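Asks: Here's a structure for you.
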Amino acid sequence: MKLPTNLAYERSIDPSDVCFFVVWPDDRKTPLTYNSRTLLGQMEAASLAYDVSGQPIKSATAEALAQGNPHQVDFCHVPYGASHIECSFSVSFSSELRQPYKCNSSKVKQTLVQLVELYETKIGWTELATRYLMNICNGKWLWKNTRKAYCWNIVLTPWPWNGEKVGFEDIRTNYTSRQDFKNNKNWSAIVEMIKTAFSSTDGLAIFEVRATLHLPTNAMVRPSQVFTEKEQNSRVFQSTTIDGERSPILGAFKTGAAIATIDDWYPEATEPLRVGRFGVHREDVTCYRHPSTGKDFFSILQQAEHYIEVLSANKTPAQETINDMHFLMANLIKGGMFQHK
Amino acid sequence: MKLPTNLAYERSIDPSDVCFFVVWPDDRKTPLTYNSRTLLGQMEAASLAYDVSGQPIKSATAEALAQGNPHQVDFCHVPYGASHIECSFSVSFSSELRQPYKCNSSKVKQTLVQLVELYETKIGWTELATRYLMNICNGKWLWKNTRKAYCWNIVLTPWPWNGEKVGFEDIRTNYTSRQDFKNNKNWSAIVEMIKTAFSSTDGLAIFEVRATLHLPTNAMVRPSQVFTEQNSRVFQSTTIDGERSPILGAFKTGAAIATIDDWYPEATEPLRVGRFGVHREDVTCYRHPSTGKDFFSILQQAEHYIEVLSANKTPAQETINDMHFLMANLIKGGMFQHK
Amino acid sequence: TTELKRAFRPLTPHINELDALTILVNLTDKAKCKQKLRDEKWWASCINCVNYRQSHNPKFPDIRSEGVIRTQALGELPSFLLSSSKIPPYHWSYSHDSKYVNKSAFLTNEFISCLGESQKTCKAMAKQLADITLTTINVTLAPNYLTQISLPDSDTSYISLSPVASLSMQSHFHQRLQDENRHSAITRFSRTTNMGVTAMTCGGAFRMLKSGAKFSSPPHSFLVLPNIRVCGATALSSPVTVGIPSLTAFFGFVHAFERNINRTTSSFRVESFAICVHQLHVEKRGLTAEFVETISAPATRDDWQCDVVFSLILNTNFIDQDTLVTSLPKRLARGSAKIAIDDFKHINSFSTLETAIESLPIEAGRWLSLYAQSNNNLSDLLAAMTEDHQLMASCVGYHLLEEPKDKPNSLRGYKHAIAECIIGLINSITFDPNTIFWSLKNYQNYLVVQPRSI
């Protein structure tokens, strides 16, 4: 199947900023604040004592290399008498998945709607909605703040819901595997919301998520930080205004990248990757699903007509060639321009 | 081995700021405060009496040189009727050593991972974890406040722990050598936390440290102070309740836990662990690149250290002190790039 | 020699005829005898450069886009609006090439006219005369990187628009804001030589217009939409100002809400709307673009983002809670727009203006009317800005360069035109009603979201 010169979808999952609050004993809440402070380190860079070729530079003597190097950073910590930290945001599940936002080929637009409706019937939205919801319900969207904590608790508040808010107490002890989420009293009632949202022509499914982090005394928090061009401050946090004060946030695009770490179907899969075209890893600067493999997202769009005859049969669809179906769907939930240029 | 264009680790030890409190008799606690006050000193500079060359400047007569030079400093002291001083912070030990945080080379990543596994299996985490923990358990992180004191007492509260808080009473008398720490009722149980933290893919080990300083009457306390590029001494501070209060910073505290490096080629005093290990008392670098024992010359011998640790022969002290310095800079972290 | 090079470049005011032309030949090299050399090949390279001289730069935010625009704004807008027609159109520059940014200096430096407008001289004039071709537009909407905007033209009809940054305006706001450090907001763009000659002058720093001081709030049939907390919006309302998002984006939020209800109730048809802003907070958050195909990230740009919290009141033509919630549009100028579940109670509909404004919570705010007083210049804008610091310039509408025609690819099958941003000043009312309620007016020459009184 050819790719059109206009094809782009909207995203189906819409997060927000993560705001940080400080809870004092006697239960009053204050927005978390931060300050900048200059520090003094040594003169370690390996560019300050060595040249490009590898030999030691002669200007960097032993006295000149023990001199002291000042740097300015933003520093955010938990106040002394505090009890814990609230962390609140909210997700929607829109189902802009069913139709393209933009298309100029009637043959390709019909091929989408056959793929979405045949994936929905034969395979169903149970597998993907389980994987997204196991990133909300643990502290995946709390990136580094989960690490080095006593315990953290997640409390959901869904909108098309009757009552009795959904709780997830003491992760790192209770909720380790897939089975521990399913043993919750109301887990299938929430998985079947995201299935209801994706499968309807107008599905909404608001969640209101709120965490409770019990840190050590006087401990660090790690918010997200800015990306700017260079013409002294080496670490600048992203922030909002809560009440009348500045406050560190953990951004909306940073939060959406944590819900979408699902992709463990690249050809040598160990760790799940963030869902995207030719799915990259930013830990080690490489590209799994490189287009030479043939398992990036544009080489599966050219097999999209072929995946209709597989789903329209009655034989069991042979797990290797439906891991490509999960990756095909997760990029249309993610959205994006799908042209060549 | 070559240095890649991306190589960076996270730190495996995460301290916090130290908060100072005043304990009164009847055992109520108030945060310590400070004030700025102007003083008046003499006019000593050697730039005011002599020129650059060495002859005396002639505009500085005996009347102009006895005139009075005002300054302004921050001044913190213990209140009068106080009992002692509490100092509390927290340390974590969180296994960032096992794999590099960011590394674009898959060959250099495999080599670094083998070293951390070969080192624990052949040498073990007993030597480093003892040296880090002995800087918590005495007053190393209380830098100059330990000096000129009556006694100081450390109380640990480890987190994956059952009960009976670990106490170290009357340092400068009871805890002087390595054997004095080993004779504590529970020292092996706390060393084996830091060993378990470094040896696991998710090792956590949180400590809650609290000290008790008995100073003389109305005595000085020495907090950490700011770097500014008027007040000549400006303290670092945090807000406790509604009071400004002196702290002893998070990076200052981590510099005291990592004074371990006494393997530099003429070692007398242990140094703060870093690349080309500096000694800022006498402003020089031991472990200069001309020595061949800085950290970037021990990285390029990492493939060599794998055949040494995977043999049955006892490794020599000279080339396992290079392995302690190799491991102590990965616990410290940092960017290890080039070019 | 740098002060001589900056003078012929378009971000400085203009400046013996035998001295000047010998400079312009030496600028094309990467002396008076280098000028006397006359390579035949050199002439046809400079002839291409006067072809790709441009009035308005399509490749401003994105350097991968491709187009040539040498037009003037069509028609003249009133005194309370501002666009490229009022400022004299002569600070035009060169684009499309990175190798020929030096070789364009002979025929495009425009010492006010431009040189681009024995045997070789006759031949050179013939190529220039035949290849001047005044007032051209060369865009292909199929495989490039443009923005596309549908606006409700007239009624039951739409026109696609593509905004393009105007080079005469960018020089005007850059030169005037050298003095004022309070009202300038520097944004840096990478790969400067690929952008154009007008970026190579400033080095990448473009010196936008920042709205005075920080936002503060004094305590100040109809449908009420309260508390639309938007997380990451564009503060870039224009290619010129950084602050609250363009009022066309607030109009798109309302009209997509109008268009979603017409699936169920097909007679809804919002007439006007009113905006009650709380809490701006404009910041320089970045934006990490994804990897593109040899796989890397594209060129980086300074990103200005804002966090608007506001209550929207709409004057309906004449509805269930489940219909009002699911028909809410989920974006306001690229930002996640949401209402809390505890604020779903306050989506009631009222019949009077007094009961609606007493109904909403978060009392301190502003009500956003337009400032209609004679801003024909940035010096006219900044005179209003220094009197009242919270006066908040933004983009108010679009100003066409050419009448809409049929293109082979336009966003959703409509007539396409190329427009430019119109900058207006935005007041605030303590709270009569026609000053507050905004609506989209359609004129042949331009499109502006005006209040109903103006």
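Residue numbering restarts at 1 for every chain of the structure tokens, chains are lettered A, B, ... in their displayed order, and ligands are numbered from 1 as they appear.
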Could you pull out the residues in segment 16-246 of chain C that DSSP calls strand (DSSP E) from the backbone, as an MDAnalysis selection string?
Replies: chainID C and resid 53:54 56:57 68:69 93:94 137:138 149:151 159:163 165:166 184:185 208:210 222:225 229:230 233:234 241:242
Asks: Quick one: which chain A residues come within 6 Å of chain C, and what is the nearest atom pair for each with the distance in Å to one decimal, counting only C-alpha atoms, rows ordered by chain and ascending number, as a tab-separated table?
Replies:
```
residue	atom	partner	partner_atom	distance
A:226	CA	C:285	CA	5.1
A:227	CA	C:286	CA	4.2
A:228	CA	C:302	CA	5.5
A:341	CA	C:143	CA	5.9
```
Asks: Based on only C-alpha atoms, which of the residues in chain B come within 9 Å of chain A? I want them as a PyMOL selection string.
Replies: chain B and resi 6+14-19+88-94+100-106+159+204-208+226-228+238-241+251+274-280+283-290+296+334-339
Asks: Show me, as a ChimeraX atom specification, the residues that have an atom within 9 Å of residue 237 of chain A when counting only C-alpha atoms, minus same-chain residues fewer than 4 positions from it.
Replies: /A:74-75,223-226,248-250 /C:285
Asks: Restricted to N, CA and C atoms, what would the selected residues look like written as a CSV table (one decimal), in the first residue's frame?
Replies:
```csv
chain,number,residue,atom,x,y,z
A,74,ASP,N,19.6,24.9,39.6
A,74,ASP,CA,18.4,24.9,40.3
A,74,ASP,C,18.3,23.7,41.3
A,75,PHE,N,17.8,24.0,42.5
A,75,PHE,CA,17.8,23.0,43.5
A,75,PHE,C,16.5,22.9,44.2
A,223,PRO,N,12.3,17.3,39.0
A,223,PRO,CA,11.3,17.7,38.0
A,223,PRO,C,11.9,17.8,36.6
A,224,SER,N,11.1,18.1,35.6
A,224,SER,CA,11.6,18.2,34.3
A,224,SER,C,12.3,19.5,34.1
A,225,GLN,N,13.1,19.6,33.0
A,225,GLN,CA,13.9,20.8,32.8
A,225,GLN,C,14.0,21.2,31.4
A,226,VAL,N,14.4,22.5,31.1
A,226,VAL,CA,14.1,23.1,29.9
A,226,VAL,C,15.1,22.7,28.8
A,248,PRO,N,7.9,23.7,40.7
A,248,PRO,CA,8.4,22.8,39.7
A,248,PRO,C,7.3,21.9,39.1
A,249,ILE,N,7.3,21.7,37.8
A,249,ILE,CA,6.4,20.8,37.2
A,249,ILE,C,7.2,19.7,36.5
A,250,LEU,N,6.5,18.7,36.1
A,250,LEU,CA,7.0,17.6,35.3
A,250,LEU,C,6.1,17.5,34.1
C,285,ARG,N,9.9,27.2,28.1
C,285,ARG,CA,10.1,25.8,28.0
C,285,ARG,C,10.5,25.4,26.6
```
Asks: Mind giving me the straight-line distance from atom CA of residue 120 of chain A to atom CA of residue 199 of chain A in Å, one decimal?
Replies: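 Here the two named atoms are 7.3 Å from each other.
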Asks: Any chance you could list, as a list in words, the residues in segment 160-217 of chain C that come up helix (DSSP H, G or I) when DSSP is run on the backbone?
Replies: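 Selecting the helix (DSSP H, G or I) positions of segment 160-217 of chain C gives residues 167, 168, 169, 170, 171, 172, 173, 174, 175, 176, 192, 193, 194, 195, 197, 198, 199 and 200 of chain C.
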Asks: Generate a file of the selected residues that holds N, CA, C and O atoms, formatted as a PDB file, in the first residue's frame.
Replies:
```pdb
ATOM      1  N   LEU C 167       9.101  40.037   6.554  1.00  0.00           N
ATOM      2  CA  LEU C 167      10.480  40.430   6.825  1.00  0.00           C
ATOM      3  C   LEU C 167      10.600  41.917   7.123  1.00  0.00           C
ATOM      4  O   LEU C 167      11.538  42.346   7.802  1.00  0.00           O
ATOM      5  N   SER C 168       9.676  42.721   6.607  1.00  0.00           N
ATOM      6  CA  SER C 168       9.701  44.147   6.900  1.00  0.00           C
ATOM      7  C   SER C 168       9.271  44.404   8.335  1.00  0.00           C
ATOM      8  O   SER C 168       9.715  45.366   8.969  1.00  0.00           O
ATOM      9  N   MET C 169       8.418  43.533   8.868  1.00  0.00           N
ATOM     10  CA  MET C 169       7.981  43.646  10.253  1.00  0.00           C
ATOM     11  C   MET C 169       9.068  43.187  11.217  1.00  0.00           C
ATOM     12  O   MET C 169       9.315  43.838  12.236  1.00  0.00           O
ATOM     13  N   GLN C 170       9.731  42.064  10.907  1.00  0.00           N
ATOM     14  CA  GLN C 170      10.761  41.520  11.793  1.00  0.00           C
ATOM     15  C   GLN C 170      11.936  42.470  11.942  1.00  0.00           C
ATOM     16  O   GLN C 170      12.548  42.544  13.011  1.00  0.00           O
ATOM     17  N   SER C 171      12.261  43.208  10.884  1.00  0.00           N
ATOM     18  CA  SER C 171      13.292  44.229  10.993  1.00  0.00           C
ATOM     19  C   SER C 171      12.816  45.404  11.834  1.00  0.00           C
ATOM     20  O   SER C 171      13.617  46.055  12.506  1.00  0.00           O
ATOM     21  N   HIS C 172      11.515  45.688  11.813  1.00  0.00           N
ATOM     22  CA  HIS C 172      11.010  46.853  12.529  1.00  0.00           C
ATOM     23  C   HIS C 172      11.016  46.622  14.035  1.00  0.00           C
ATOM     24  O   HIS C 172      11.428  47.492  14.808  1.00  0.00           O
ATOM     25  N   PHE C 173      10.564  45.445  14.468  1.00  0.00           N
ATOM     26  CA  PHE C 173      10.512  45.149  15.895  1.00  0.00           C
ATOM     27  C   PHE C 173      11.900  44.856  16.453  1.00  0.00           C
ATOM     28  O   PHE C 173      12.134  45.002  17.657  1.00  0.00           O
ATOM     29  N   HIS C 174      12.837  44.449  15.598  1.00  0.00           N
ATOM     30  CA  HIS C 174      14.182  44.163  16.084  1.00  0.00           C
ATOM     31  C   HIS C 174      14.974  45.445  16.295  1.00  0.00           C
ATOM     32  O   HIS C 174      15.703  45.575  17.285  1.00  0.00           O
ATOM     33  N   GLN C 175      14.862  46.392  15.362  1.00  0.00           N
ATOM     34  CA  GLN C 175      15.639  47.623  15.444  1.00  0.00           C
ATOM     35  C   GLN C 175      15.142  48.525  16.564  1.00  0.00           C
ATOM     36  O   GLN C 175      15.938  49.201  17.222  1.00  0.00           O
ATOM     37  N   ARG C 176      13.831  48.550  16.791  1.00  0.00           N
ATOM     38  CA  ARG C 176      13.272  49.478  17.766  1.00  0.00           C
ATOM     39  C   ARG C 176      13.457  48.970  19.193  1.00  0.00           C
ATOM     40  O   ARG C 176      13.630  49.764  20.124  1.00  0.00           O
ATOM     41  N   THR C 192      21.559  29.093  11.136  1.00  0.00           N
ATOM     42  CA  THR C 192      21.205  30.473  10.825  1.00  0.00           C
ATOM     43  C   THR C 192      21.347  30.765   9.335  1.00  0.00           C
ATOM     44  O   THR C 192      20.553  31.522   8.765  1.00  0.00           O
ATOM     45  N   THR C 193      22.339  30.158   8.680  1.00  0.00           N
ATOM     46  CA  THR C 193      22.566  30.434   7.265  1.00  0.00           C
ATOM     47  C   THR C 193      21.519  29.759   6.390  1.00  0.00           C
ATOM     48  O   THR C 193      21.316  30.153   5.238  1.00  0.00           O
ATOM     49  N   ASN C 194      20.854  28.731   6.914  1.00  0.00           N
ATOM     50  CA  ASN C 194      19.785  28.084   6.162  1.00  0.00           C
ATOM     51  C   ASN C 194      18.499  28.891   6.238  1.00  0.00           C
ATOM     52  O   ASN C 194      17.666  28.826   5.328  1.00  0.00           O
ATOM     53  N   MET C 195      18.318  29.647   7.320  1.00  0.00           N
ATOM     54  CA  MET C 195      17.143  30.485   7.533  1.00  0.00           C
ATOM     55  C   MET C 195      17.038  31.575   6.476  1.00  0.00           C
ATOM     56  O   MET C 195      16.053  31.642   5.738  1.00  0.00           O
ATOM     57  N   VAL C 197      19.236  35.545   4.953  1.00  0.00           N
ATOM     58  CA  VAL C 197      20.197  36.613   5.214  1.00  0.00           C
ATOM     59  C   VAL C 197      19.740  37.450   6.403  1.00  0.00           C
ATOM     60  O   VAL C 197      20.557  37.914   7.207  1.00  0.00           O
ATOM     61  N   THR C 198      18.424  37.580   6.584  1.00  0.00           N
ATOM     62  CA  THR C 198      17.889  38.397   7.670  1.00  0.00           C
ATOM     63  C   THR C 198      18.081  37.759   9.041  1.00  0.00           C
ATOM     64  O   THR C 198      17.847  38.416  10.060  1.00  0.00           O
ATOM     65  N   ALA C 199      18.472  36.486   9.094  1.00  0.00           N
ATOM     66  CA  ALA C 199      18.820  35.880  10.371  1.00  0.00           C
ATOM     67  C   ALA C 199      20.315  35.966  10.625  1.00  0.00           C
ATOM     68  O   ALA C 199      20.752  36.027  11.781  1.00  0.00           O
ATOM     69  N   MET C 200      21.114  35.973   9.556  1.00  0.00           N
ATOM     70  CA  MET C 200      22.565  36.009   9.691  1.00  0.00           C
ATOM     71  C   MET C 200      23.039  37.355  10.223  1.00  0.00           C
ATOM     72  O   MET C 200      24.141  37.460  10.776  1.00  0.00           O
TER      73      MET C 200
END
```
